[PDB]
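# Chain and residue survey
The chain contents come next:
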Amino acid sequence: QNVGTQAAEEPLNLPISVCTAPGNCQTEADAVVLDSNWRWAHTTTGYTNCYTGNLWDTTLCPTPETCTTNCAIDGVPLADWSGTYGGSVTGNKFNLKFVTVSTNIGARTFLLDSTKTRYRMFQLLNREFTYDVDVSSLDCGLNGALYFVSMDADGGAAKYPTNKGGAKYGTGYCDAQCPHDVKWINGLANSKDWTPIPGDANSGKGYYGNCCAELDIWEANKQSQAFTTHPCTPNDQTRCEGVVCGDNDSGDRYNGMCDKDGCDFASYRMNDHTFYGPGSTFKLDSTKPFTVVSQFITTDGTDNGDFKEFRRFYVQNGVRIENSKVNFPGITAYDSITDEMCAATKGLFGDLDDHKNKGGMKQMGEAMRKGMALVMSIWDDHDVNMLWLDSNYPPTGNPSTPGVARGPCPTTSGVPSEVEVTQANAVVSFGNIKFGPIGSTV
């Protein structure tokens, strides 16, 4: 995309901590940038929309190349962050409102480095990543997500010279779902064969998808939470078409370059329904804030080893809370993501181990070694109504069959039109982000 001249781009300042030992950290003066999908797209030498509602203008965008020549994405000024997009920062806390009323629904954002010209790339192997979260106002159907993806640090600017904005304009998004709803891919409008998504007034799908590796630290609302590894072959940003995208709609979910299911550790799905929930007698009380700690263990305990284990623990009101465990007869009580856990649990659930097909923890680790961009988002789910996270999936499945039940939400929950009314004022908060060696962040 070209860059427009109507509004300066002003990312929100967000300090994080880089740590060397427990309680010995230094501030890193980073910032938050809005994903290019949420930006106004208009004519390069005017005010005329190139995209309105869920459609590209066919006169301006008869082809992707012409669209890209004629159109530009514009900046987010400071005033518009809260007023238009529902984003705000107080000290080291970042807040994202779900619906902001001209009416904005959801948000996806990235962490910029201290220069505000590149994404802050995190080399996560043999490191610990930690943050405080509040998901108390997110119920069934919503997801306040924090995760990493194998985006380029410059959003693709060096690879795709028609991308003028780079990381500064939140470009280059890709993930392990190979999404077609990304409006700008490889420096070009994804306007070919663009199709609105029914019941989604703001979104559509273009000819291409954009694939890359994804490490989900946090997919969650107050009812259920998960962390998940998604390797791809290769891991780096890859525009896809046809079978390579692994499109759900053509029966290709397991035929593409990315592991779409991922290998998940989701406490409720692993059959501990009392670990996490909205109340003081759950082990971890989702009505109150808490700290989420993630440790990425290698084979030799060094930065050069292969990724072998994703460990997790929590801190809430000064109380250390170890992760829940897998709880099925004849299955080891795993409390972390490893290749063995993935094989054993997917075996039990009858899920295809595409994680293993894509190179497993080792391949996931190669993405983490090269460095990944931090994503913070809030969203509802127009495909599957978040049932995969917090309900029975498939909805018609027996909840006593291992793998089906992922949370207590009813299978009628999560319809975007309903959650966008009922949960309009939901806000996820991510704060006090800390990064360092294992054992350094609490």
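Residues numbered from 1 in each chain as written, not as in the entry; some residues may be left out. Heavy atoms only, no water. Residues with missing side-chain atoms left out of burial classes, pairs and counts.

- Per the deposited record, the coordinates in this entry were obtained by X-ray crystallography to a resolution of 2.0000 Å.

- Going by what the PDB entry lists, the protein is known as Cellobiohydrolase CHBI and is assigned to Daphnia pulex.
- The title line of the PDB record says "Radiation damage to GH7 Family Cellobiohydrolase from Daphnia pulex: Dose (DWD) 18.4 MGy".
- One UniProt comment on the protein, placed under Sequence similarities (unreviewed entry), says "Belongs to the glycosyl hydrolase 7 (cellulase C) family." (UniProt positions renumbered as here; feature names shortened; annotations may be inferred.)

## Looking at helix α3 (residues 339–349)
- For α3, the set of buried residues is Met341, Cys342, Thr345, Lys346 and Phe349. Angular distribution of buried residues about the axis of α3 spans 110 degrees; they occupy a single face of the element. Along α3, the residues that are exposed and aim more than 90 degrees away from the buried face are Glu340 and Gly347.
- The inward-facing, buried residues of α3 abut β24 (263–265) and α4 (354–357).
- Of the residues flanking the end of α3, it is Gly350, one or two places downstream, whose phi is positive at about 75 degrees. (Buried < 20%, exposed > 50% of the residue type's maximum accessible area, 1.4 Å probe, protein only. Helix = DSSP H or I, 4+ residues; strand = E, 2+ residues; numbered from the N terminus. Arc of directions from axis to C-beta. Contact = heavy atoms within 4.5 Å.)

## Quick notes on helix α5 (residues 360–370)
- For α5, the full list of buried residues reads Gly360, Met361, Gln363, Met364, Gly365, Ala367 and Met368.
- Just past α5, the residue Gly371 takes up positive phi, approximately 110 degrees.

## Section: unusual backbone geometry
- Here the bond from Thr233 into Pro234 is cis, since omega is -5 degrees, no more than 30 degrees from zero.
- Its place among the elements puts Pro234 in the loop between β22 (225–230) and β23 (238–240).
- Between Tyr393 and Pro394 the backbone carries a cis peptide bond, its omega angle lying at 0 degrees.
- Tracing the sequence through the fold places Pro394 in the loop between α6 (387–390) and α7 (416–422).
- A positive phi angle is found at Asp193, which is not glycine, with a value near 55 degrees.

## Regarding the state of the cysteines
- Counted by the stated rule, this structure contains 9 disulfides.
- Residue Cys174 pairs covalently with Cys212 via a disulfide, S to S 2.0 Å. An S-S torsion of about 90 degrees defines the bridge between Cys174 and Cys212 as right-handed. On the criterion of sequence distance, the pair formed by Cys174 in the loop between β15 (143–149) and β16 (184–185) and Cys212 in the loop between β20 (209–211) and β21 (214–220) is long-range, its members being 38 residues apart.
- We classify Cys212 as buried; its relative accessible area is 0%.
- Covalently, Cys232 is tied to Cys258 through a disulfide, its sulfur atoms 2.0 Å apart. (Disulfide = S-S within 2.5 Å.)

## Structural notes on the nonpolar core
- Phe129, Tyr131, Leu215 and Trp218 are the most contacted members of the largest nonpolar core, which totals 66 residues.
- With residues up to four places along the chain from it excluded, the contact list for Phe129 reads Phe122, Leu124, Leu146, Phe148, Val292, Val293, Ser294, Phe296, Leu374, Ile433, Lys434 and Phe435.
- With 18 residues, the next largest nonpolar core counts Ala31, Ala145, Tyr147 and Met151 among its residues. (Core = buried A, V, L, I, M, F, W, Y, C linked by side-chain atoms within 4.5 Å.)

## Some details on the sheet that holds strand β4 (residues 41–43)
- Ordered in space as β1-β7-β4, the 3 strands form an open sheet in which the pairing is mixed. The outermost strands of the open sheet, each flanked by one partner alone, are β1 (2–3) and β4.
- Bridge count for β4 against strand β7 (residues 71–73) is 3 bridges, and the pairing is antiparallel. Counterpart to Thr43 in the pairing with β7 is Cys71. (Pairing = 2+ DSSP bridges.)

## A few points about the pairing of strand β31 (residues 427–437)
- Most of β31 is tucked away, with 8 of its 11 residues classed as buried.
- Where strand β2 (residues 12–21) lies against β31, 2 bridges are found, and the strand directions are parallel. Across the sheet, residue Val18 finds its bridge partner in β31, namely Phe435.
- Looking at chain direction, strand β9 (residues 93–97) and β31 are connected through 5 bridges and run antiparallel. Bridge assignment links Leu96 to a residue of β31, and that residue is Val428.
- With 7 bridges connecting them, strand β14 (residues 127–134) and β31 associate as antiparallel partners. Bridge pairing in β31 places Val133 opposite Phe430.

## Here we look at the pairing of strand β27 (residues 290–298)
- Burial within β27 is extensive, with 9 of its 9 residues counted as buried.
- Burial of the side chains of β27 extends over both faces: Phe290, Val292, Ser294, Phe296 and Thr298 are buried on one face and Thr291, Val293, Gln295 and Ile297 on the other.
- Bridge analysis of β27 against strand β28 (residues 307–316) gives 8 bridges, and the strand direction is antiparallel. Along β28, the bridge assignment pairs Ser294 with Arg312.

## Topic: the pattern of salt bridges
- This model, assessed by the stated rule, comprises 14 salt bridges.
- Residues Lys159 and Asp152 are paired through a salt bridge, measuring 2.9 Å at the closest nitrogen-oxygen approach.
- Here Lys159 falls in the partly exposed class, since its relative accessible area comes to 44%.
- Here the salt bridges do not stand alone but share partners, grouping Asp264, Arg269 and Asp351 into one network. (Salt bridge = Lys/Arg side-chain N within 4 Å of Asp/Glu carboxyl O.)

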